[PDB]
Structures are given as C-alpha cells and as structure tokens.
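> Coordinates in data-v1.cif, mmCIF, C-alpha atoms, are listed below.
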```cif
data_coords
#
loop_
_atom_site.group_PDB
_atom_site.id
_atom_site.type_symbol
_atom_site.label_atom_id
_atom_site.label_comp_id
_atom_site.auth_asym_id
_atom_site.auth_seq_id
_atom_site.Cartn_x
_atom_site.Cartn_y
_atom_site.Cartn_z
ATOM 1 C CA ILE A 176 -33.554 -31.333 -16.238
ATOM 2 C CA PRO A 177 -34.474 -29.956 -19.695
ATOM 3 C CA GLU A 178 -31.575 -28.750 -21.849
ATOM 4 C CA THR A 179 -30.204 -29.412 -25.362
ATOM 5 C CA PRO A 180 -32.658 -31.724 -27.310
ATOM 6 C CA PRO A 181 -30.604 -32.538 -30.511
ATOM 7 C CA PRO A 182 -30.587 -36.439 -30.423
ATOM 8 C CA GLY A 183 -34.333 -36.380 -29.816
ATOM 9 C CA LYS B 10 -45.445 -12.204 -23.262
ATOM 10 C CA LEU B 11 -44.915 -15.849 -24.202
ATOM 11 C CA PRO B 12 -46.478 -18.859 -22.345
ATOM 12 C CA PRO B 13 -45.537 -18.875 -18.585
ATOM 13 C CA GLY B 14 -45.164 -22.622 -19.079
ATOM 14 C CA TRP B 15 -41.829 -22.015 -20.765
ATOM 15 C CA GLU B 16 -38.370 -23.342 -19.805
ATOM 16 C CA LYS B 17 -35.845 -21.209 -21.710
ATOM 17 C CA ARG B 18 -32.518 -22.501 -23.049
ATOM 18 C CA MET B 19 -31.094 -22.534 -26.592
ATOM 19 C CA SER B 20 -30.212 -25.614 -28.594
ATOM 20 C CA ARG B 21 -26.599 -24.992 -29.519
ATOM 21 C CA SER B 22 -26.765 -27.846 -31.995
ATOM 22 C CA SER B 23 -28.999 -27.167 -34.994
ATOM 23 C CA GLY B 24 -30.115 -23.696 -33.910
ATOM 24 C CA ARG B 25 -33.417 -24.384 -32.188
ATOM 25 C CA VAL B 26 -35.130 -23.034 -29.118
ATOM 26 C CA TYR B 27 -35.642 -25.927 -26.848
ATOM 27 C CA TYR B 28 -38.376 -24.358 -24.955
ATOM 28 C CA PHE B 29 -39.776 -26.819 -22.512
ATOM 29 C CA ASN B 30 -43.334 -26.629 -21.250
ATOM 30 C CA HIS B 31 -43.188 -27.793 -17.650
ATOM 31 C CA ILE B 32 -46.961 -28.297 -17.621
ATOM 32 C CA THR B 33 -46.963 -31.692 -19.312
ATOM 33 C CA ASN B 34 -43.154 -31.495 -19.253
ATOM 34 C CA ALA B 35 -41.886 -31.664 -22.831
ATOM 35 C CA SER B 36 -39.061 -29.920 -24.670
ATOM 36 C CA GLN B 37 -39.965 -28.183 -27.910
ATOM 37 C CA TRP B 38 -37.375 -28.036 -30.701
ATOM 38 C CA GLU B 39 -39.181 -24.885 -31.705
ATOM 39 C CA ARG B 40 -39.281 -21.122 -31.570
ATOM 40 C CA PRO B 41 -42.826 -19.806 -30.897
ATOM 41 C CA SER B 42 -41.814 -16.267 -31.846
ATOM 42 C CA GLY B 43 -40.160 -17.263 -35.095
ATOM 43 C CA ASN B 44 -39.977 -19.962 -37.746
ATOM 44 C CA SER B 45 -36.358 -21.105 -37.601
#
```
Re-express the file's structure as structure tokens.

Amino acid sequence: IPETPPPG
Amino acid sequence: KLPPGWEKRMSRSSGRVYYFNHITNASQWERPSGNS
C-alpha cells in the first residue's frame, strides 16, 4: 500500500 | 484533470504530496499542480 513516504 | 495514474494521499511529514503512480508503481514526493 502507498502512503506516507518521508523516510524514503 | 491530473494523471489517472495517481494515488492520492498527503505526506503529513514534510508537507509533500505523495502521489503514487500505480502504472510503474512509485510514490512521488511531489505536487504536480504546485512547487512545494
């Protein structure tokens, strides 16, 4: 599932 | 009126649209309708 990229 | 390949959720962290193109399947940090 795609959500919430910040670390990458 | 944006790309139908879009997966729409906001990045609550830095203030980014993580807008994920489920064609190749990748999440963009980006906003295509803005700059930041």
> Need to verify the contact set: residue A:180, 7 Å, all atoms listed in the file, exclusion of same-chain residues closer than 4 positions in sequence. Can you return it as number ranges by chain?
B: 20, 27, 38
> How big is the axis-aligned box, and where does its centre sit, when it encloses all atoms of stretch 11-25 of chain B listed in the file and has 8 Å added on every side, reported in Å to one decimal as AutoDock Vina command-line options?

```
--center_x -36.5 --center_y -21.8 --center_z -26.8 --size_x 35.9 --size_y 28.0 --size_z 32.4
```
> Applying the PyMOL selection byres ((chain B) within 10 of (chain A)) to the file I just gave you, which residues come out? Please list them as a PyMOL selection string.
chain B and resi 16-31+34-38
> Please produce an output containing C-alpha atoms for each residue in the selection, written as a PDB file, keeping the file's coordinate frame.

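again.pdb, freshly written:
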```pdb
ATOM      1  CA  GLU B  16     -38.370 -23.342 -19.805  1.00  0.00           C
ATOM      2  CA  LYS B  17     -35.845 -21.209 -21.710  1.00  0.00           C
ATOM      3  CA  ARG B  18     -32.518 -22.501 -23.049  1.00  0.00           C
ATOM      4  CA  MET B  19     -31.094 -22.534 -26.592  1.00  0.00           C
ATOM      5  CA  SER B  20     -30.212 -25.614 -28.594  1.00  0.00           C
ATOM      6  CA  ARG B  21     -26.599 -24.992 -29.519  1.00  0.00           C
ATOM      7  CA  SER B  22     -26.765 -27.846 -31.995  1.00  0.00           C
ATOM      8  CA  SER B  23     -28.999 -27.167 -34.994  1.00  0.00           C
ATOM      9  CA  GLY B  24     -30.115 -23.696 -33.910  1.00  0.00           C
ATOM     10  CA  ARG B  25     -33.417 -24.384 -32.188  1.00  0.00           C
ATOM     11  CA  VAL B  26     -35.130 -23.034 -29.118  1.00  0.00           C
ATOM     12  CA  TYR B  27     -35.642 -25.927 -26.848  1.00  0.00           C
ATOM     13  CA  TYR B  28     -38.376 -24.358 -24.955  1.00  0.00           C
ATOM     14  CA  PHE B  29     -39.776 -26.819 -22.512  1.00  0.00           C
ATOM     15  CA  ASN B  30     -43.334 -26.629 -21.250  1.00  0.00           C
ATOM     16  CA  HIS B  31     -43.188 -27.793 -17.650  1.00  0.00           C
ATOM     17  CA  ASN B  34     -43.154 -31.495 -19.253  1.00  0.00           C
ATOM     18  CA  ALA B  35     -41.886 -31.664 -22.831  1.00  0.00           C
ATOM     19  CA  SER B  36     -39.061 -29.920 -24.670  1.00  0.00           C
ATOM     20  CA  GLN B  37     -39.965 -28.183 -27.910  1.00  0.00           C
ATOM     21  CA  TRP B  38     -37.375 -28.036 -30.701  1.00  0.00           C
TER      22      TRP B  38
END
```
> Regenerate stretch 27-40 of chain B at the level of N, CA, C and O atoms and dump it as a PDB file, keeping the file's coordinate frame.

```pdb
ATOM      1  N   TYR B  27     -35.026 -24.845 -27.528  1.00  0.00           N
ATOM      2  CA  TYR B  27     -35.642 -25.927 -26.848  1.00  0.00           C
ATOM      3  C   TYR B  27     -36.338 -25.220 -25.711  1.00  0.00           C
ATOM      4  O   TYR B  27     -35.716 -24.554 -24.844  1.00  0.00           O
ATOM      5  N   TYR B  28     -37.628 -25.212 -25.800  1.00  0.00           N
ATOM      6  CA  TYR B  28     -38.376 -24.358 -24.955  1.00  0.00           C
ATOM      7  C   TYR B  28     -39.413 -25.278 -24.333  1.00  0.00           C
ATOM      8  O   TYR B  28     -40.330 -25.748 -24.988  1.00  0.00           O
ATOM      9  N   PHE B  29     -39.158 -25.646 -23.107  1.00  0.00           N
ATOM     10  CA  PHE B  29     -39.776 -26.819 -22.512  1.00  0.00           C
ATOM     11  C   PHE B  29     -40.961 -26.441 -21.641  1.00  0.00           C
ATOM     12  O   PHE B  29     -40.831 -25.673 -20.693  1.00  0.00           O
ATOM     13  N   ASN B  30     -42.125 -26.987 -21.965  1.00  0.00           N
ATOM     14  CA  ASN B  30     -43.334 -26.629 -21.250  1.00  0.00           C
ATOM     15  C   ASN B  30     -43.525 -27.552 -20.061  1.00  0.00           C
ATOM     16  O   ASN B  30     -43.926 -28.704 -20.192  1.00  0.00           O
ATOM     17  N   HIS B  31     -43.200 -27.021 -18.891  1.00  0.00           N
ATOM     18  CA  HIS B  31     -43.188 -27.793 -17.650  1.00  0.00           C
ATOM     19  C   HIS B  31     -44.596 -28.083 -17.127  1.00  0.00           C
ATOM     20  O   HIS B  31     -44.763 -28.470 -15.976  1.00  0.00           O
ATOM     21  N   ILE B  32     -45.602 -27.914 -17.976  1.00  0.00           N
ATOM     22  CA  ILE B  32     -46.961 -28.297 -17.621  1.00  0.00           C
ATOM     23  C   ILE B  32     -47.107 -29.807 -17.778  1.00  0.00           C
ATOM     24  O   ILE B  32     -47.316 -30.531 -16.806  1.00  0.00           O
ATOM     25  N   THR B  33     -46.985 -30.268 -19.017  1.00  0.00           N
ATOM     26  CA  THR B  33     -46.963 -31.692 -19.312  1.00  0.00           C
ATOM     27  C   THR B  33     -45.521 -32.200 -19.272  1.00  0.00           C
ATOM     28  O   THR B  33     -45.268 -33.404 -19.220  1.00  0.00           O
ATOM     29  N   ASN B  34     -44.595 -31.241 -19.281  1.00  0.00           N
ATOM     30  CA  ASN B  34     -43.154 -31.495 -19.253  1.00  0.00           C
ATOM     31  C   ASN B  34     -42.668 -32.113 -20.559  1.00  0.00           C
ATOM     32  O   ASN B  34     -42.567 -33.332 -20.694  1.00  0.00           O
ATOM     33  N   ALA B  35     -42.413 -31.249 -21.537  1.00  0.00           N
ATOM     34  CA  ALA B  35     -41.886 -31.664 -22.831  1.00  0.00           C
ATOM     35  C   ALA B  35     -41.035 -30.549 -23.428  1.00  0.00           C
ATOM     36  O   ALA B  35     -41.346 -29.371 -23.269  1.00  0.00           O
ATOM     37  N   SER B  36     -39.954 -30.910 -24.095  1.00  0.00           N
ATOM     38  CA  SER B  36     -39.061 -29.920 -24.670  1.00  0.00           C
ATOM     39  C   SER B  36     -39.355 -29.706 -26.148  1.00  0.00           C
ATOM     40  O   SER B  36     -39.280 -30.640 -26.948  1.00  0.00           O
ATOM     41  N   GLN B  37     -39.704 -28.479 -26.515  1.00  0.00           N
ATOM     42  CA  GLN B  37     -39.965 -28.183 -27.910  1.00  0.00           C
ATOM     43  C   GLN B  37     -38.691 -27.713 -28.610  1.00  0.00           C
ATOM     44  O   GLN B  37     -38.017 -26.811 -28.154  1.00  0.00           O
ATOM     45  N   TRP B  38     -38.379 -28.401 -29.688  1.00  0.00           N
ATOM     46  CA  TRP B  38     -37.375 -28.036 -30.701  1.00  0.00           C
ATOM     47  C   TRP B  38     -37.463 -26.588 -31.258  1.00  0.00           C
ATOM     48  O   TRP B  38     -36.616 -26.152 -32.037  1.00  0.00           O
ATOM     49  N   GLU B  39     -38.511 -25.900 -30.891  1.00  0.00           N
ATOM     50  CA  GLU B  39     -39.181 -24.885 -31.705  1.00  0.00           C
ATOM     51  C   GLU B  39     -38.887 -23.464 -31.222  1.00  0.00           C
ATOM     52  O   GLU B  39     -38.170 -23.270 -30.253  1.00  0.00           O
ATOM     53  N   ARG B  40     -39.142 -22.491 -32.069  1.00  0.00           N
ATOM     54  CA  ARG B  40     -39.281 -21.122 -31.570  1.00  0.00           C
ATOM     55  C   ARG B  40     -40.685 -20.601 -31.855  1.00  0.00           C
ATOM     56  O   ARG B  40     -41.094 -20.490 -33.007  1.00  0.00           O
TER      57      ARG B  40
END
```
